[PDB]
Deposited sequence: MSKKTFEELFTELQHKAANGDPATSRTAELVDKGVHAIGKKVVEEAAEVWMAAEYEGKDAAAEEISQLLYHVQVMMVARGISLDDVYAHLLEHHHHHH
């Protein structure tokens, strides 16, 4: 249920394709389009929709950011080190 647990789950699913979202294969460009569209959706939901809708969009944004981390070999420690 932790951010760290779900991330390790994604690193394993990326070790290989046709089941769960394999954007890692498509690459940075494809993942970047999603990050960018989701950020706009997060802003949109935060402004016009309810808390639940905003939380759903935020989860999609986080998911794609995590996928981008997996695609570039970035770890939670690398990111956390900067969150300070």
According to the entry, C-alpha coordinates are missing for deposited residues 1 to 3, 20 to 23, 92 to 98
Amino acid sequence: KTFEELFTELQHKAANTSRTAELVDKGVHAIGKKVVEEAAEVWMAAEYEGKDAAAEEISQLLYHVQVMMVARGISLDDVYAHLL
From here on, numbers count along this sequence of modelled residues.
The stretch whose C-alpha atoms carry the larger average B-factor in the entry, 23 to 31 or 55 to 63, is 23 to 31
Chain-relative CA temperature factor third for residue 69:
lowest
